[PDB]
file my_file33.txt (compact mmCIF, N, CA and C atoms and all ligand atoms)
# COMPACT_ATOMS: atom_id res chain seq x y z
N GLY M 1 -31.90 32.91 -17.11
CA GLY M 1 -30.53 32.59 -16.78
C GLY M 1 -30.46 31.37 -15.90
N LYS M 2 -29.42 30.59 -16.08
CA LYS M 2 -29.21 29.40 -15.28
C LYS M 2 -27.73 29.02 -15.30
N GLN M 3 -27.16 28.93 -16.50
CA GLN M 3 -25.75 28.53 -16.67
C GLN M 3 -24.82 29.74 -16.56
N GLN M 4 -25.39 30.89 -16.36
CA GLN M 4 -24.65 32.11 -16.26
C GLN M 4 -24.08 32.25 -14.86
N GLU M 5 -22.84 31.86 -14.69
CA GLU M 5 -22.17 32.03 -13.42
C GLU M 5 -21.81 33.49 -13.26
N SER M 6 -21.98 34.00 -12.08
CA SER M 6 -21.53 35.32 -11.81
C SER M 6 -20.05 35.26 -11.45
N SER M 7 -19.23 35.24 -12.48
CA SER M 7 -17.82 35.22 -12.32
C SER M 7 -17.33 36.60 -11.88
N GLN M 8 -18.07 37.63 -12.34
CA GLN M 8 -17.88 39.06 -11.99
C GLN M 8 -16.48 39.54 -12.30
N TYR M 9 -16.30 40.26 -13.35
CA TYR M 9 -14.97 40.71 -13.64
C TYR M 9 -14.69 42.01 -12.92
N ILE M 10 -13.65 42.01 -12.14
CA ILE M 10 -13.24 43.16 -11.39
C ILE M 10 -11.84 43.52 -11.81
N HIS M 11 -11.42 44.66 -11.41
CA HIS M 11 -10.13 45.18 -11.78
C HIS M 11 -9.05 44.61 -10.87
N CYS M 12 -8.19 43.80 -11.43
CA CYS M 12 -7.06 43.29 -10.74
C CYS M 12 -6.10 44.43 -10.58
N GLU M 13 -5.52 44.53 -9.46
CA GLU M 13 -4.60 45.61 -9.14
C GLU M 13 -3.20 45.12 -9.39
N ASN M 14 -3.10 43.85 -9.61
CA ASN M 14 -1.82 43.21 -9.79
C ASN M 14 -1.32 43.30 -11.22
N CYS M 15 -2.20 43.19 -12.19
CA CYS M 15 -1.81 43.40 -13.59
C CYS M 15 -2.67 44.48 -14.25
N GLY M 16 -3.65 44.98 -13.50
CA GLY M 16 -4.57 45.97 -14.02
C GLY M 16 -5.53 45.38 -15.02
N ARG M 17 -5.96 44.17 -14.78
CA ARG M 17 -6.81 43.48 -15.75
C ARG M 17 -8.18 43.12 -15.17
N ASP M 18 -9.17 43.19 -16.03
CA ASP M 18 -10.53 42.78 -15.82
C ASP M 18 -10.56 41.27 -15.72
N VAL M 19 -10.65 40.78 -14.54
CA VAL M 19 -10.63 39.35 -14.27
C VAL M 19 -11.76 38.98 -13.32
N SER M 20 -12.26 37.75 -13.41
CA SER M 20 -13.34 37.29 -12.57
C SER M 20 -12.90 37.32 -11.11
N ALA M 21 -13.68 37.98 -10.28
CA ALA M 21 -13.45 38.09 -8.85
C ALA M 21 -13.54 36.72 -8.23
N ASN M 22 -14.27 35.86 -8.91
CA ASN M 22 -14.48 34.48 -8.48
C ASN M 22 -13.24 33.62 -8.81
N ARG M 23 -12.31 34.20 -9.54
CA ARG M 23 -11.12 33.50 -9.99
C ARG M 23 -9.89 34.34 -9.70
N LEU M 24 -10.09 35.42 -8.97
CA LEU M 24 -9.04 36.43 -8.78
C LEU M 24 -7.87 35.86 -8.00
N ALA M 25 -8.15 35.02 -7.04
CA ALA M 25 -7.12 34.38 -6.23
C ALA M 25 -6.24 33.44 -7.06
N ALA M 26 -6.85 32.54 -7.84
CA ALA M 26 -6.08 31.60 -8.69
C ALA M 26 -5.32 32.41 -9.74
N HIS M 27 -6.01 33.42 -10.21
CA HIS M 27 -5.47 34.36 -11.13
C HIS M 27 -4.26 35.01 -10.51
N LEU M 28 -4.38 35.39 -9.25
CA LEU M 28 -3.30 36.05 -8.55
C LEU M 28 -2.12 35.17 -8.41
N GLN M 29 -2.36 33.89 -8.24
CA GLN M 29 -1.26 32.94 -8.21
C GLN M 29 -0.49 33.02 -9.52
N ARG M 30 -1.22 33.00 -10.64
CA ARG M 30 -0.59 33.09 -11.96
C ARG M 30 -0.02 34.50 -12.17
N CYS M 31 -0.78 35.48 -11.75
CA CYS M 31 -0.48 36.90 -11.90
C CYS M 31 0.79 37.27 -11.15
N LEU M 32 0.89 36.84 -9.91
CA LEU M 32 2.02 37.18 -9.06
C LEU M 32 3.24 36.38 -9.51
N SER M 33 3.01 35.15 -9.97
CA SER M 33 4.06 34.30 -10.51
C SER M 33 4.68 34.98 -11.76
N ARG M 34 3.83 35.47 -12.64
CA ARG M 34 4.26 36.13 -13.87
C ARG M 34 4.77 37.54 -13.61
N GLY M 35 4.14 38.21 -12.69
CA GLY M 35 4.46 39.58 -12.38
C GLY M 35 5.60 39.73 -11.42
N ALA M 36 6.68 39.05 -11.69
CA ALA M 36 7.87 39.20 -10.92
C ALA M 36 8.61 40.39 -11.48
N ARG M 37 8.35 41.53 -10.92
CA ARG M 37 8.90 42.75 -11.44
C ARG M 37 10.23 43.02 -10.80
N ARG M 38 11.17 43.44 -11.59
CA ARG M 38 12.49 43.74 -11.13
C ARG M 38 12.88 45.07 -11.71
ZN ZN M 101 -3.76 40.17 -12.42
call {"tool": "encode", "arguments": {"input": "my_file33.txt", "output": "structure tokens"}}
result
Amino acid sequence: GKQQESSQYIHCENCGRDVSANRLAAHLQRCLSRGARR
């Protein structure tokens, strides 16, 4: 292994999705933006 980034998919609590923990914050920006629940 070398090019294998440990992106690590974890369970987002915001949409309930398997998303990279390494990208969870940027994801959350998109996630929270989209997840405007009313
Ligand atoms: Zn999410």
call {"tool": "closest_atom_pairs", "arguments": {"input": "my_file33.txt", "of": "chain M", "to": "ligand ZN 101 (chain M)", "cutoff": "6 Å", "atoms": "only C-alpha atoms and all ligand atoms", "output": "JSON lines"}}
result
{"residue": "M:12", "atom": "CA", "partner": "M:ZN101", "partner_atom": "ZN", "distance": 4.8}
{"residue": "M:14", "atom": "CA", "partner": "M:ZN101", "partner_atom": "ZN", "distance": 4.5}
{"residue": "M:15", "atom": "CA", "partner": "M:ZN101", "partner_atom": "ZN", "distance": 4.0}
{"residue": "M:17", "atom": "CA", "partner": "M:ZN101", "partner_atom": "ZN", "distance": 5.6}
{"residue": "M:28", "atom": "CA", "partner": "M:ZN101", "partner_atom": "ZN", "distance": 5.7}
{"residue": "M:31", "atom": "CA", "partner": "M:ZN101", "partner_atom": "ZN", "distance": 4.7}
call {"tool": "write_last_selection", "arguments": {"input": "my_file33.txt", "atoms": "N, CA and C atoms", "output": "compact mmCIF listing (two decimals), in the coordinates of the input"}}
result
# COMPACT_ATOMS: atom_id res chain seq x y z
N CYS M 12 -8.19 43.80 -11.43
CA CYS M 12 -7.06 43.29 -10.74
C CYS M 12 -6.10 44.43 -10.58
N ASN M 14 -3.10 43.85 -9.61
CA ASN M 14 -1.82 43.21 -9.79
C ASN M 14 -1.32 43.30 -11.22
N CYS M 15 -2.20 43.19 -12.19
CA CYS M 15 -1.81 43.40 -13.59
C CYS M 15 -2.67 44.48 -14.25
N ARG M 17 -5.96 44.17 -14.78
CA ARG M 17 -6.81 43.48 -15.75
C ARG M 17 -8.18 43.12 -15.17
N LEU M 28 -4.38 35.39 -9.25
CA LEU M 28 -3.30 36.05 -8.55
C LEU M 28 -2.12 35.17 -8.41
N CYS M 31 -0.78 35.48 -11.75
CA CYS M 31 -0.48 36.90 -11.90
C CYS M 31 0.79 37.27 -11.15
call {"tool": "atom_distance", "arguments": {"input": "my_file33.txt", "atom1": "CA of residue 30 (chain M)", "atom2": "CA of residue 11 (chain M)"}}
result
15.4 Å
call {"tool": "select_by_dssp", "arguments": {"input": "my_file33.txt", "residues": "chain M", "states": "strand (DSSP E or B)", "output": "ChimeraX atom specification"}}
result
/M:9-11,18-20
call {"tool": "atom_distance", "arguments": {"input": "my_file33.txt", "atom1": "atom C of residue 10 (chain M)", "atom2": "atom N of residue 37 (chain M)"}}
result
20.3 Å
call {"tool": "select_by_dssp", "arguments": {"input": "my_file33.txt", "residues": "chain M", "states": "alpha helix (DSSP H)", "output": "number ranges by chain"}}
result
M: 24-34
call {"tool": "atom_distance", "arguments": {"input": "my_file33.txt", "atom1": "atom N of residue 8 (chain M)", "atom2": "atom N of residue 23 (chain M)"}}
result
7.3 Å
call {"tool": "residues_around", "arguments": {"input": "my_file33.txt", "residues": "region 3-7 of chain M", "least_positions_apart": "6", "cutoff": "8 Å", "atoms": "only C-alpha atoms", "output": "list in words"}}
result
residues 20, 21, 22 and 23 of chain M
call {"tool": "build_atoms", "arguments": {"input": "my_file33.txt", "residues": "region 14-30 of chain M", "atoms": "N, CA, C and O atoms", "output": "short mmCIF file (atom, residue, chain, number, x, y, z; two decimals), in the frame of the given file"}}
result
data_model
loop_
_atom_site.label_atom_id
_atom_site.label_comp_id
_atom_site.auth_asym_id
_atom_site.auth_seq_id
_atom_site.Cartn_x
_atom_site.Cartn_y
_atom_site.Cartn_z
N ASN M 14 -3.10 43.85 -9.61
CA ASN M 14 -1.82 43.21 -9.79
C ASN M 14 -1.32 43.30 -11.22
O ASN M 14 -0.13 43.47 -11.44
N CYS M 15 -2.20 43.19 -12.19
CA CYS M 15 -1.81 43.40 -13.59
C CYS M 15 -2.67 44.48 -14.25
O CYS M 15 -2.45 44.88 -15.40
N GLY M 16 -3.65 44.98 -13.50
CA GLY M 16 -4.57 45.97 -14.02
C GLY M 16 -5.53 45.38 -15.02
O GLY M 16 -5.91 46.03 -15.99
N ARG M 17 -5.96 44.17 -14.78
CA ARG M 17 -6.81 43.48 -15.75
C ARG M 17 -8.18 43.12 -15.17
O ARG M 17 -8.31 42.85 -13.98
N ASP M 18 -9.17 43.19 -16.03
CA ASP M 18 -10.53 42.78 -15.82
C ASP M 18 -10.56 41.27 -15.72
O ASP M 18 -10.39 40.57 -16.74
N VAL M 19 -10.65 40.78 -14.54
CA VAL M 19 -10.63 39.35 -14.27
C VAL M 19 -11.76 38.98 -13.32
O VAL M 19 -12.17 39.80 -12.51
N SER M 20 -12.26 37.75 -13.41
CA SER M 20 -13.34 37.29 -12.57
C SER M 20 -12.90 37.32 -11.11
O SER M 20 -11.87 36.75 -10.76
N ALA M 21 -13.68 37.98 -10.28
CA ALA M 21 -13.45 38.09 -8.85
C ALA M 21 -13.54 36.72 -8.23
O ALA M 21 -12.94 36.44 -7.19
N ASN M 22 -14.27 35.86 -8.91
CA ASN M 22 -14.48 34.48 -8.48
C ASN M 22 -13.24 33.62 -8.81
O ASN M 22 -13.14 32.45 -8.41
N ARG M 23 -12.31 34.20 -9.54
CA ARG M 23 -11.12 33.50 -9.99
C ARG M 23 -9.89 34.34 -9.70
O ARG M 23 -8.79 33.98 -10.09
N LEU M 24 -10.09 35.42 -8.97
CA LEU M 24 -9.04 36.43 -8.78
C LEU M 24 -7.87 35.86 -8.00
O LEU M 24 -6.73 36.17 -8.28
N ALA M 25 -8.15 35.02 -7.04
CA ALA M 25 -7.12 34.38 -6.23
C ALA M 25 -6.24 33.44 -7.06
O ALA M 25 -5.01 33.56 -7.04
N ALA M 26 -6.85 32.54 -7.84
CA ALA M 26 -6.08 31.60 -8.69
C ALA M 26 -5.32 32.41 -9.74
O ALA M 26 -4.11 32.16 -10.05
N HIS M 27 -6.01 33.42 -10.21
CA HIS M 27 -5.47 34.36 -11.13
C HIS M 27 -4.26 35.01 -10.51
O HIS M 27 -3.28 35.15 -11.15
N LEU M 28 -4.38 35.39 -9.25
CA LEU M 28 -3.30 36.05 -8.55
C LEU M 28 -2.12 35.17 -8.41
O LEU M 28 -1.02 35.63 -8.49
N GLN M 29 -2.36 33.89 -8.24
CA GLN M 29 -1.26 32.94 -8.21
C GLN M 29 -0.49 33.02 -9.52
O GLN M 29 0.75 33.23 -9.52
N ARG M 30 -1.22 33.00 -10.64
CA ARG M 30 -0.59 33.09 -11.96
C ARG M 30 -0.02 34.50 -12.17
O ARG M 30 1.09 34.67 -12.66
#
